[PDB]
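Novice: Pasting final-v4.pdb below, which is PDB, C-alpha atoms.
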```pdb
ATOM      1  CA  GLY A   1     -12.109  51.672  11.321  1.00  0.00           C
ATOM      2  CA  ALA A   2     -15.574  50.065  10.921  1.00  0.00           C
ATOM      3  CA  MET A   3     -17.022  48.596  14.194  1.00  0.00           C
ATOM      4  CA  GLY A   4     -19.357  45.555  14.166  1.00  0.00           C
ATOM      5  CA  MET A   5     -17.273  42.437  13.355  1.00  0.00           C
ATOM      6  CA  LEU A   6     -19.371  39.315  12.411  1.00  0.00           C
ATOM      7  CA  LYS A   7     -18.333  35.953  13.983  1.00  0.00           C
ATOM      8  CA  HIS A   8     -18.497  33.765  10.818  1.00  0.00           C
ATOM      9  CA  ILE A   9     -16.270  30.936  12.151  1.00  0.00           C
ATOM     10  CA  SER A  10     -16.014  29.758  15.814  1.00  0.00           C
ATOM     11  CA  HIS A  11     -15.223  26.453  17.646  1.00  0.00           C
ATOM     12  CA  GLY A  12     -17.635  26.101  20.619  1.00  0.00           C
ATOM     13  CA  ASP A  13     -15.751  22.808  21.103  1.00  0.00           C
ATOM     14  CA  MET A  14     -13.207  21.491  23.686  1.00  0.00           C
ATOM     15  CA  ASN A  15     -10.923  18.681  22.386  1.00  0.00           C
ATOM     16  CA  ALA A  16      -7.165  17.945  22.183  1.00  0.00           C
ATOM     17  CA  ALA A  17      -5.165  15.722  19.762  1.00  0.00           C
ATOM     18  CA  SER A  18      -1.413  15.051  19.337  1.00  0.00           C
ATOM     19  CA  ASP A  19      -0.343  12.663  16.498  1.00  0.00           C
ATOM     20  CA  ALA A  20       1.144  12.625  12.961  1.00  0.00           C
ATOM     21  CA  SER A  21       1.039   9.035  11.596  1.00  0.00           C
ATOM     22  CA  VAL A  22       4.205   8.880   9.373  1.00  0.00           C
ATOM     23  CA  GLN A  23       3.666   5.106   8.662  1.00  0.00           C
ATOM     24  CA  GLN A  24       2.596   5.699   5.007  1.00  0.00           C
ATOM     25  CA  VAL A  25       1.389   2.655   3.013  1.00  0.00           C
ATOM     26  CA  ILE A  26       4.288   2.364   0.500  1.00  0.00           C
ATOM     27  CA  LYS A  27       2.656   2.054  -2.938  1.00  0.00           C
ATOM     28  CA  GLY A  28       4.525   0.681  -5.949  1.00  0.00           C
ATOM     29  CA  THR A  29       3.662  -1.034  -9.244  1.00  0.00           C
ATOM     30  CA  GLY A  30       4.796  -4.112 -11.184  1.00  0.00           C
ATOM     31  CA  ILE A  31       3.853  -7.341 -12.976  1.00  0.00           C
ATOM     32  CA  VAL A  32       2.741 -10.511 -11.117  1.00  0.00           C
ATOM     33  CA  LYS A  33       5.650 -13.009 -11.417  1.00  0.00           C
ATOM     34  CA  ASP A  34       4.010 -15.706  -9.165  1.00  0.00           C
ATOM     35  CA  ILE A  35       1.367 -16.056  -6.390  1.00  0.00           C
ATOM     36  CA  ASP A  36       2.342 -18.787  -3.920  1.00  0.00           C
ATOM     37  CA  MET A  37      -0.824 -19.151  -1.779  1.00  0.00           C
ATOM     38  CA  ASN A  38       0.770 -22.241  -0.095  1.00  0.00           C
ATOM     39  CA  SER A  39       3.754 -20.107   1.095  1.00  0.00           C
ATOM     40  CA  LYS A  40       1.456 -17.007   1.468  1.00  0.00           C
ATOM     41  CA  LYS A  41       3.738 -14.763  -0.714  1.00  0.00           C
ATOM     42  CA  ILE A  42       2.856 -12.849  -3.942  1.00  0.00           C
ATOM     43  CA  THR A  43       6.046 -12.687  -6.009  1.00  0.00           C
ATOM     44  CA  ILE A  44       5.696  -9.376  -7.954  1.00  0.00           C
ATOM     45  CA  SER A  45       8.379  -8.342 -10.457  1.00  0.00           C
ATOM     46  CA  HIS A  46       8.148  -4.669  -9.422  1.00  0.00           C
ATOM     47  CA  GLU A  47       9.328  -1.543 -11.254  1.00  0.00           C
ATOM     48  CA  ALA A  48      11.661   1.097  -9.684  1.00  0.00           C
ATOM     49  CA  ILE A  49      10.084   2.241  -6.358  1.00  0.00           C
ATOM     50  CA  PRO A  50      12.101   5.450  -5.383  1.00  0.00           C
ATOM     51  CA  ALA A  51      10.253   5.598  -1.980  1.00  0.00           C
ATOM     52  CA  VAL A  52      12.003   2.449  -0.583  1.00  0.00           C
ATOM     53  CA  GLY A  53      14.891   2.803  -3.083  1.00  0.00           C
ATOM     54  CA  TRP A  54      14.393  -0.646  -4.687  1.00  0.00           C
ATOM     55  CA  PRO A  55      15.073  -0.655  -8.536  1.00  0.00           C
ATOM     56  CA  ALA A  56      13.185  -2.661 -11.228  1.00  0.00           C
ATOM     57  CA  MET A  57      13.478  -6.217  -9.752  1.00  0.00           C
ATOM     58  CA  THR A  58      11.303  -9.091  -8.431  1.00  0.00           C
ATOM     59  CA  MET A  59      10.272  -9.417  -4.699  1.00  0.00           C
ATOM     60  CA  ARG A  60       8.005 -11.750  -2.610  1.00  0.00           C
ATOM     61  CA  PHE A  61       5.392  -9.554  -0.839  1.00  0.00           C
ATOM     62  CA  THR A  62       3.735 -11.648   1.948  1.00  0.00           C
ATOM     63  CA  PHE A  63      -0.088 -11.139   2.102  1.00  0.00           C
ATOM     64  CA  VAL A  64      -2.392 -11.298   5.176  1.00  0.00           C
ATOM     65  CA  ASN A  65      -5.624 -12.314   3.308  1.00  0.00           C
ATOM     66  CA  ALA A  66      -6.141 -14.142  -0.020  1.00  0.00           C
ATOM     67  CA  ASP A  67      -8.396 -11.291  -1.253  1.00  0.00           C
ATOM     68  CA  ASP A  68     -10.795 -11.332  -4.309  1.00  0.00           C
ATOM     69  CA  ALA A  69      -8.106  -9.257  -6.123  1.00  0.00           C
ATOM     70  CA  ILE A  70      -5.275 -11.722  -5.186  1.00  0.00           C
ATOM     71  CA  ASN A  71      -7.359 -14.780  -6.203  1.00  0.00           C
ATOM     72  CA  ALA A  72      -8.644 -13.302  -9.550  1.00  0.00           C
ATOM     73  CA  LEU A  73      -5.288 -11.735 -10.643  1.00  0.00           C
ATOM     74  CA  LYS A  74      -2.372 -14.020 -11.713  1.00  0.00           C
ATOM     75  CA  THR A  75       0.993 -14.301 -13.539  1.00  0.00           C
ATOM     76  CA  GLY A  76       1.376 -11.916 -16.548  1.00  0.00           C
ATOM     77  CA  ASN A  77      -1.029  -9.207 -15.257  1.00  0.00           C
ATOM     78  CA  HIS A  78       0.264  -5.674 -14.441  1.00  0.00           C
ATOM     79  CA  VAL A  79      -0.923  -4.559 -10.972  1.00  0.00           C
ATOM     80  CA  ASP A  80      -0.250  -1.804  -8.450  1.00  0.00           C
ATOM     81  CA  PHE A  81       0.314  -2.663  -4.766  1.00  0.00           C
ATOM     82  CA  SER A  82       1.041  -1.295  -1.280  1.00  0.00           C
ATOM     83  CA  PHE A  83       3.291  -2.705   1.519  1.00  0.00           C
ATOM     84  CA  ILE A  84       5.297  -1.831   4.680  1.00  0.00           C
ATOM     85  CA  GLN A  85       8.932  -2.514   5.751  1.00  0.00           C
ATOM     86  CA  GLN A  86       8.735  -4.959   8.706  1.00  0.00           C
ATOM     87  CA  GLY A  87      12.494  -5.440   9.300  1.00  0.00           C
ATOM     88  CA  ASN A  88      13.364  -7.196   5.972  1.00  0.00           C
ATOM     89  CA  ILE A  89       9.804  -8.616   5.603  1.00  0.00           C
ATOM     90  CA  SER A  90       7.726  -6.895   2.886  1.00  0.00           C
ATOM     91  CA  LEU A  91       4.219  -7.189   4.403  1.00  0.00           C
ATOM     92  CA  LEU A  92       1.760  -6.550   1.536  1.00  0.00           C
ATOM     93  CA  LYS A  93      -0.920  -4.110   2.808  1.00  0.00           C
ATOM     94  CA  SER A  94      -3.011  -3.955  -0.438  1.00  0.00           C
ATOM     95  CA  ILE A  95      -2.862  -4.903  -4.180  1.00  0.00           C
ATOM     96  CA  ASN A  96      -5.144  -3.609  -7.011  1.00  0.00           C
ATOM     97  CA  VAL A  97      -5.426  -4.282 -10.750  1.00  0.00           C
ATOM     98  CA  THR A  98      -4.247  -0.985 -12.312  1.00  0.00           C
ATOM     99  CA  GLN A  99      -6.210  -1.558 -15.591  1.00  0.00           C
ATOM    100  CA  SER A 100      -9.889  -2.574 -15.007  1.00  0.00           C
TER
END
```
Using structure tokens, write down the structure from this file.

Specialist:
Amino acid sequence: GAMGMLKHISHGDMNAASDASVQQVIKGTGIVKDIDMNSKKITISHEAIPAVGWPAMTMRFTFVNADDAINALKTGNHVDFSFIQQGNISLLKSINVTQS
């Protein structure tokens, strides 16, 4: 053996953490069918999302904020998006134009 080990990596730190956030923002893609800003729902005709197990069909994703993206993008445009499953309520987390 060869004595004289070199401490390259060390902590010198005292912390503790215990979490694994499994609430992943469920991203899909589809074409904007309608945006009802009065009813606060973006109706996106979405392609097959295997994550939730919803095939190629339309769905109203309810949005928290009428964002620059939401306001500038409209019916006929192909977007990507992100949402969560709040019971049966699809609460739209984010929505981006996939080609720009």

Novice: Compare A:20, A:97, A:51, A:14 by their minimum atom-to-atom distance to residue A:74, counting all atoms listed in the file, and give me the closest one.

Specialist: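 Checking each candidate against residue A:74, we get A:97 as the closest.
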
Novice: May I ask which of the residues A:84, A:35, A:95, A:42 is the closest one to residue A:61, counting only C-alpha atoms?

Specialist: A:42

Novice: To one decimal in Å, tell me the separation between atom CA of residue A:47 and atom CA of residue A:62.

Specialist: 17.5 Å

Novice: If the PyMOL selection byres ((chain A and resi 26) around 10) is run on the structure shown, which residues does it catch, given as number ranges by chain?

Specialist: A: 23-25, 27-28, 49, 51-52, 81-85, 92-94

Novice: To one decimal place in Å, what is the distance between atom CA of residue A:99 and atom CA of residue A:37?

Specialist: 23.0 Å

Novice: Go through A:6, A:1, A:44, A:12 and flag the residue nearest residue A:70, using only C-alpha atoms for the distances.

Specialist: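 When distances to residue A:70 are compared using only C-alpha atoms, the smallest one comes from A:44.
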
Novice: Ranking A:89, A:64, A:3, A:79 by minimum distance to residue A:40 and counting only C-alpha atoms, which one comes first?

Specialist: A:64

Novice: Considering all atoms listed in the file, state which residue in the set A:75, A:55, A:90, A:60 is at the smallest distance from residue A:41.

Specialist: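 Once distances to residue A:41 are computed over all atoms listed in the file, the minimum belongs to A:60.
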
Novice: What gap, in Å, lies between atom CA of residue A:19 and atom CA of residue A:87?

Specialist: 23.3 Å

Novice: Enclose the full set of atoms of stretch 5-22 of chain A listed in the file within a box whose edges lie along x, y and z, apply 8 Å of padding to each of the six sides, and report centre and edge lengths in Å to one decimal as AutoDock Vina command-line options.

Specialist:
```
--center_x -7.6 --center_y 25.7 --center_z 16.5 --size_x 39.6 --size_y 49.6 --size_z 30.3
```

Novice: So which residues touch residue A:69 within 7 Å, counting all atoms listed in the file, skipping near sequence neighbours fewer than 3 positions away, as a ChimeraX atom specification?

Specialist: /A:72-73,96
